[PDB]
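So the chains spell out like this:
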Amino acid sequence: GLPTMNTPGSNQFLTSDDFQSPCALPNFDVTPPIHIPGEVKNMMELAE
Amino acid sequence: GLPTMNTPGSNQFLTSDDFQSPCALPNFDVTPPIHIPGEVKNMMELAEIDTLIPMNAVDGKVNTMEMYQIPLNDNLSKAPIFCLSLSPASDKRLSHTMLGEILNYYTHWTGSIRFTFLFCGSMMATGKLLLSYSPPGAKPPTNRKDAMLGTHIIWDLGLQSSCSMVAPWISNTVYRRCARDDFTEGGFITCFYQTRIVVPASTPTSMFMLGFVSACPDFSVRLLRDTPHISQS
Amino acid sequence: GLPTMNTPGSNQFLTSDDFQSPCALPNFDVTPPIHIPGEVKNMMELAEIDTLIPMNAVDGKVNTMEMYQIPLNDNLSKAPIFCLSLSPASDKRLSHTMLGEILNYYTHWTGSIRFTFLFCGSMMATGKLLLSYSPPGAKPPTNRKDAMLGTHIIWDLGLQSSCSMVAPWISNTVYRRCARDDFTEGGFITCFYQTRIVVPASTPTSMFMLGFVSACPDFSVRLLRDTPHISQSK
Amino acid sequence: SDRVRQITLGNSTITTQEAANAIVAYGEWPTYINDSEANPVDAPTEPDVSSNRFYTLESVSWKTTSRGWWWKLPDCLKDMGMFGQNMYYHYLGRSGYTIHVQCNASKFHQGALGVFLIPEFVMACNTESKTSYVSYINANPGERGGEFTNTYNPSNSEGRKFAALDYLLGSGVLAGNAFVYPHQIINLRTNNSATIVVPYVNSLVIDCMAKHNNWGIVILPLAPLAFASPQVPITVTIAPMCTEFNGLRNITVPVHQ
Amino acid sequence: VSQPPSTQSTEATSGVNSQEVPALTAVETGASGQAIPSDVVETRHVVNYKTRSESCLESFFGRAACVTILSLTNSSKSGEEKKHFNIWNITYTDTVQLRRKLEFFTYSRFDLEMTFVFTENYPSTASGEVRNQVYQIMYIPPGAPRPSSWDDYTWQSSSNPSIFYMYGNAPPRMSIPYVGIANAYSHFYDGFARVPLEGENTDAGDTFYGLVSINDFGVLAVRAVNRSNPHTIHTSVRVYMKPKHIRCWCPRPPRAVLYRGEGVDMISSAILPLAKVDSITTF
Amino acid sequence: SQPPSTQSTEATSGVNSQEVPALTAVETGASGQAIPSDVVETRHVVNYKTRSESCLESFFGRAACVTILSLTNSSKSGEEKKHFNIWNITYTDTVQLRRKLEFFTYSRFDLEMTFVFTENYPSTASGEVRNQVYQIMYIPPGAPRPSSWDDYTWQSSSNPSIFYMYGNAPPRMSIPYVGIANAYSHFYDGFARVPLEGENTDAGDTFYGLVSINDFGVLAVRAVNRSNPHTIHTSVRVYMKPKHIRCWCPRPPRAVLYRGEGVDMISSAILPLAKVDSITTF
Amino acid sequence: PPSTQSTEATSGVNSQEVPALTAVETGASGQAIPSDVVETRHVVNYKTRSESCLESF
Amino acid sequence: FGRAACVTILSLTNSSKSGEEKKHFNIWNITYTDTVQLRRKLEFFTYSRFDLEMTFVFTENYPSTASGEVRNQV
Amino acid sequence: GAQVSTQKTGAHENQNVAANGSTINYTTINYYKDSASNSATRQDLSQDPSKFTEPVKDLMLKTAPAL
Amino acid sequence: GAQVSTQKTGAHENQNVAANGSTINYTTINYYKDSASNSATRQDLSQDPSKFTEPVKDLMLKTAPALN
Amino acid sequence: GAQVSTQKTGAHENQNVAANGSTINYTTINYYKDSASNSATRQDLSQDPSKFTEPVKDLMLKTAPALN
Ligand SMILES: CCCCCCCCCCCCCC(=O)O
Ligand SMILES: CCCCCCCCCCCCCC(=O)O
């Protein structure tokens, strides 16, 4: 076993937490995207 | 599934640690910097600034503006004008100067200390003063002879009124404690008249001088600590 | 993020651990080193220093200065005049010497041991002593004959006031226990007169010898252990 | 020699015979806002002559019983002619300053005055209950400025005013550490004046003059005005530097007393 | 991989009979004299490898400090719902040691780390069993809606960040980027939020002079997440905060008197920072 | 390369020469130098044994218990002061460690500190008590010390500290060498102050020795949790080891049990050795 | 990264073609910016629209 | 010889009684001979040379009728 | 297999040019077979507001008569 | 995408000039999207006290008469 | 930026030369900025006993009589 140390912040859930996680459905075949008119990239495009 | 082992120290909070931590606001745009004047990089840049010594914290002068005024007289005197113990973070008068206050956040320190004195007398008055520093472990100067024996400088009254003296870094240890210590003391600072102040007619027969203290360029500190000066209920 | 598995031994404290840990005092300036004289790098450097053997263990000479003074007389005698059990750490006479104390921090030891003697009698007196080491598993060296059968030197007293006898590392085991292990018997160190001390008229007829013990260069120790020589209240 | 200096700005000049060289806060000369650092988007007003000229504030008397004087810098100049009009006509603005303080005396006079410039000179409320802060009017003395005291009398006109011991600079700090701020000293024995060049200093590039006092001016006796009571006048004269404004609007008229 | 610079070294220096002597100057100029011992006394050469690492602003302000203590109660009585959660203004004002360090500068710019140390005890002799609880620390930026109770919709936190922590686990931690509006945070504000105009109250400004009216970074909302128990349990959060990646501007004097309140205002009972000495000549 | 081994034995035959490594003089201050190849006929022996466990780093490489502090978290008002415990920084509390450290007059090292916690209900009646977190903080000499467990100084704005939940891995921290000298001294043959003519007729009795000279501040350990109806006795053990260590100027081991922090002896224990019936008794 | 739009310095306009006038009946939004409406100064604008990305929203 | 085997059982007691304080600790001679399956495997050889690793398993109960709160022990 | 990307500018980072130093970069590795397991992707700062603000068949300039 | 930097000197270093080889180094990797998540910055000891102790428009030399 | 070194041998290992097999290899990375946080140093088997056992100003030989 590789020596490690858990720092503060361990075992916590932040709603803005951005990390990797296991797939609930391994190898799931995702429906191909199609072009749909009206693509939005940013909320500011609507602000204008 | 990389095998790992949690070593002691795991799952503890150290207030002085340095670990990475995820941002709670991902991709947040930080207000761009501008060139704000007066940038400080280090606390020592402030340690080198001359501030006044509240030297005259004596009855009737305690906690007032007059506390910073060192009296002078034109009469004969063999007595010291003033005495300080060189303990910049523990002396009652020095722990409150900027040097002392920055230093109150440190445990240990080194380097030389500079003192500057200024005559705020009339232009008409003349004479000379003896500024002197005596290293630790000996009877502190009691008179002018002792003052002449140790390190000293003669400060004449003149147009370049200000005069500095440097208490050189003489120490057994490399660093001294900031804290008052029976073992470690910084020696003594005194001042005596070299000669009587000569005062012309219709000229004040009493004056004041101001004293300042600051860090020398070889000055440093070792470890951050809580200060005793601020408290809270 | 990265999948991991905690193994046995996780979240335990071992006094023998050698792991990194965060500094409680970040960016601290460590007072620069200077060339301090007398550097020691290894405990064996101290093991090799000759120290005195508290040989005179007879009641009344114990825990006093005389404890290190071995009497000699010019009286004719064939008696043994010295008896050590060798175990540097367990022999009551050796366990308190520096070599013995260093070994009381270790479980096992190896290498040859040197015994050095100094004659402190008159300049006028002369004579010869038999210094001998007898390997274990044998009848103790009752007399000079047995001492002669074992490993020995003769110390001819003269200008060179001292001599050294070496008890070579003869052992069945590679290492012996520091502990009083009857299995790893030390052997015997003894001394007999080779000849009566010759003392001319008008000199002392009773004199002292000092003895020293030290490690030889092939000496070493193994596992570290608590020493039984120190204690305290709870 | 360095003792004699002449400062020219706009359409007015100060000539001084005995100045203790000169100070620039932080060694930073005032400049105009760069394109790389700007909030306003409108073309700026740059009234260089009308604003960057010296103006004199009413002088004060130095007595042996004086404990100090103070001003808020843009406040003391807020009604100052054409400069003052631009301050009231625009929402935003920025300026540096040249502050020249002069106090003449005979060679037979003794004493000293320290001049310190404090960014963000926030003063303590006088009243102990601390349930009320200082009103706009009381907080902004105008050209006359205010004064320091030597006693604290926090009675619950007092309720809404600033008060400051000279001793603690109205800030709760010791006055002896005031030297941390850009400063120069007028020692009557050595010089008649002090000159400090002041850059605009804020967390913002530009700000609103009617709301914020970028700097304050603190003048304290350091040594008594001994003479063999005496009185000596102190005059403070100030000019804006690199003045610029943004956000032109109708005239702003503050609450009056 | 360069060697860091040291503090000033000393060159061996002989005594002098110079007619140009650095000992005298004119402090009136606003400039400090610069004498180092070699300018005053005879000195030896000294190799100086000492540094100012511990005094870097990053190191000075590099420690987490307790900034506030919040408390909440998990109980089941008719008058206790309001005590289930705690709403607090974000500020460093609450604790004096950190505030004083920050007050050395007029302006500062930094990122922050927030660390929360949780504890609990029984305020009541019932001493009954309770389950390990989950606590929620939600941040509500200014102008965002606030909860009326601990059990409300705002706790959904769909846009607001929020952290859920279990008691007994490592203290939770998160990073906050500089969020100031200005290009630095101001520690002081010599001004008003608004300008009372001619058509106003004479005392206007009494409710808003100072930083107290412009500094608003929202609140933290802390609640036990767990439904209440028959046995009351009292809990609290010691909030720790640390400056990181910090730079400061425009140094000023440290506070000499007991703080009190939100401004710089002192109290009459604590306006005397120094001790008395019987004499000017006493060592 | 290969870790250097201890001395190998060269083979040798009988010697009838006049070189005499067997005889010497120790009066010179030198130790005897003889080895088996000087004294007896020998065989060649290859020696690969390594003096690694005798390196000073190894010798001092294991953490020792240094101190045990007693804290009690209790609701009784008369026991409130027991909620926290302030200990002087020292290694003089435990004898096994002092014994080894005091072998050298001087040393330089970094220090590893760890803690071990355990708790019980010292009272007659146990009951539900929640998991406590402990706050360990260092208060350097000159730093203010708390008068109470809830004293504002536990803000720890500068003083470094650790918050540990009972039951998680024992806490650990590294401390760099902190001497103000170029080495820690383990001894001090001197006085903090030099009494001068006049003053105190015969001063120094209250300030002789290392015990006066090196003030390392205190370690303050508090419970962080408020009190409970049922109270807890909590024991904290402090463990230490030198790491990255160098030593100078070796000394004899102590024979006498230490009479505390000085070098003082108790009259009841100044007899370190057992007797043997005689010189000639094995 | 891509950034938001900057402001160019401008002066007085006596153009027969005016950007401030339009007709929202077309369904297009008005397109005028401050530099078209008033005289402006040059401004470098780094206030990047990252928080507003759908991925962040 | 690739698997760990149980080699001994030690008994520790936390005692609230005036007696059995001595049961708070247990000193065992190190050996593998308490266990027959392991010694039999080792005894296939006259001589052996190996490094050894040890793992411990702790388990505890409340043996008395008077059950009540006990803090987690170390 | 690790990727290296530039971090969002912090409080005391370099100039807005975002091209100064190696200390502004971060490293990330995907640990799963399913891309749905990846942490959020990088933000796309590309925008095209004309799609909704000027969807006019016949393009017009700002100063052109609207009608 | 790691960086390797030297460490501040400890007790065992006989090189207070940080010149004892590869022996003294540490490795750091940033693991987060924002730099606000990075550990504390590299130490920077550059200083310039003249900003606060001698902010004089006129250059003064230490042996110069302060005023002529 | 990992450093490597020879591991001490064990039961199934090679001779005391420790040169046989690349498999005897302990790998380490320092994770902290202060070297005081690093694990213990490499064994230093350098020895100099003469400082304590033969600090004689004169050149003394073992075969020469100690005295003369
Ligand atoms: C989910 C919890 C998020 C925590 C939000 C804490 C925000 C801290 C920054 C706002 C205060 C800035 C002014 C200051 O430094 O005091
Ligand atoms: C946050 C924990 C910091 C504690 C610092 C206290 C100093 C530890 C060293 C104590 C031993 C000094 C004397 C010696 O090593 O010989």
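Residues numbered from 1 in each chain as written, not as in the entry; some residues may be left out. Chains lettered and ligands numbered in written order. Part of a larger assembly, values for the part shown. Heavy atoms only, no water. Residues with missing side-chain atoms left out of burial classes, pairs and counts.

Method-wise, the PDB entry is recorded as coming from cryo-EM, at a reported resolution of 4.1 Å.

Under the annotation held in the PDB entry, chain F carries the name VP1 and is attributed to Coxsackievirus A21.

For chain A, the PDB entry supplies the name VP3 and the organism Coxsackievirus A21.

**Here we look at the pairing of strand β10 (residues 232-250) of chain F**
In terms of burial, β10(F) is a largely internal element, 16 of the 19 residues being buried. Of the pairings in the sheet, the one linking strand β2 (residues 39-40) of chain C to β10(F) comprises 2 bridges and is antiparallel in character. Looking at β10(F), one finds that C:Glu39 is bridged to F:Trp248. Note: strand β2 (residues 64-73) of chain F against β10(F), 9 bridges, orientation antiparallel. The partner of F:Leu69 across the bridge, within β10(F), is F:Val236. Across 15 bridges, the pairing between strand β4 (residues 104-120) of chain F and β10(F) is antiparallel. Across the sheet, the residue bridging to F:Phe104 is F:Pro250, located in β10(F). (Buried < 20%, exposed > 50% of the residue type's maximum accessible area, 1.4 Å probe, protein only. Helix = DSSP H or I, 4+ residues; strand = E, 2+ residues; numbered from the N terminus. Pairing = 2+ DSSP bridges.)

**Some details on a nonpolar patch on the surface**
A cluster of nonpolar side chains, namely H:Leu12, H:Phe50, H:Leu52, H:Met54, H:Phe56 and H:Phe58, defines an oily patch on the protein surface of about 770 Å² accessible area. Relative to the elements of secondary structure, H:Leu52 occurs in the segment after α1 (36-42). (Patch = residues over 30% accessible without salt bridge, like charges linked within 9 Å, V, L, I, M, F, W, Y side chains within 5 Å. Areas by Shrake-Rupley, 256 points an atom, 1.4 Å probe, with all protein chains shown as cover. Salt bridge = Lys/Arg side-chain N within 4 Å of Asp/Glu carboxyl O.)

**Remarks on the site of ligand 2**
The environment of ligand 2 is formed by C:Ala24, F:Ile89, F:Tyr91, F:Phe109, F:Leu111, F:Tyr138, F:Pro160, F:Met173, F:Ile175, F:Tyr184, F:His186 and F:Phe216. What surrounds ligand 2 is not a single chain but chains C and F. When ligand 2 sits alone it has 500 Å² of accessible area, and the protein chains cover 95% of it. Contributions of two or more residues to the shell around ligand 2 are made by β4 and β7 (172-175) of chain F. Split into classes, the residues belonging to the shell around ligand 2 amount to 11 nonpolar, 1 polar and no charged. (Near = heavy atom within 4 Å. Nonpolar A, V, L, I, M, F, W, Y, C, P; charged D, E, K, R; others polar.)

**A few points about the interface of chain F and chain C**
Each partner contributes residues to the interface: chain F has 80 residues there, and chain C has 92 residues. With both sides pooled, the region where chain F packs onto chain C buries about 7500 Å², and carbon together with sulfur makes up 61% of that total. On inspection of chain F and its partner chain C, the count reaches 5 salt bridges. The residue C:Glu101 makes a salt bridge to F:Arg99 at a minimum N-O spacing of 3.1 Å. Looking at the side of chain F that touches chain C, the elements with two or more residues in it are β1 (23-24), α1 (36-39), α2 (56-59), α3 (95-101), β4, β7 and β10 of chain F. Top element by residues in the side of chain F that touches chain C is β10(F). It accounts for 7 residues. Looking at the side of chain F that touches chain C residue by residue, the class counts come to 45 nonpolar, 19 polar and 16 charged. With 2 bridges joining them, strand β10 (residues 162-167) of chain C and β1(F) adopt antiparallel strand pairing. (Contact = heavy atoms within 4.5 Å. Buried area = accessible area lost by both parts, 1.4 Å probe.)

**Here we look at the site of ligand 1**
Residue and element names in this part refer to chain E. In the vicinity of ligand 1 there are 13 residues, among which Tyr92, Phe110, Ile137, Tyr139 and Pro161 approach most closely. Calculation on ligand 1 without its partners gives an accessible area of 500 Å², and the protein chains cover 96% of this total. Of all the secondary structure elements, the ones that give two or more residues to the shell around ligand 1 are β5 (134-140) and β7 (173-176). Split by residue class, the shell around ligand 1 holds 12 nonpolar, 1 polar and no charged.

**Focus: the sheet that holds strand β1 (residues 4-6) of chain C**
Pairing within the open sheet is parallel, and its 3 strands lie in the order β1(A)-β1(B)-β1(C). The open sheet has two edge strands, β1 (2-4) of chain A together with β1 of chain C, and neither has a second partner. For this sheet the average axis-to-axis angle between neighbouring strands, irrespective of direction, equals 45°. By the bridge criterion, 3 bridges tie strand β1 (residues 2-6) of chain B to β1(C) in an arrangement that is parallel. For B:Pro3, the partnering residue across the bridge sits in β1(C) and is C:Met5. (Axes fitted to C-alpha atoms, helices over the stretch in contact; angles between N-to-C directions.)

**Section: unusual backbone geometry**
Even without being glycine, F:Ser156 reaches a positive phi, approximately 50°. Here F:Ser156 shows up in the loop between β5 (133-139) and β6 (161-165). Judged by relative accessible area, which is 0%, F:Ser156 ranks as buried. Of note, the phi angle at I:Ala18 is positive, near 55°, even though the residue is not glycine. You can see I:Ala18 is positioned in the loop between β1 (3-6) and β2 (25-28). The exposure class assigned to I:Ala18 is partly exposed, which follows from its relative accessible area of 21%.

**Things to note about the environment of C:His96**
Note that C:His96 resides in the loop between β5 (82-84) and α2 (98-103). For C:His96, a relative accessible area of 29% puts it in the partly exposed group. It is 8.7 Å that separates the C-alpha atoms of C:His96 and C:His229, two residues lying 133 residues apart in sequence. Discounting residues that sit within four places of it in the chain, C:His96 has contacts with C:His229, F:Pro272 and F:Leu273. A distance of 3.5 Å separates a polar atom in the side chain of C:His96 from a polar atom in the side chain of C:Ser95. (Polar contact = N/O pair within 3.5 Å; in protein donor to acceptor, adjacent residues only side chain to side chain.)

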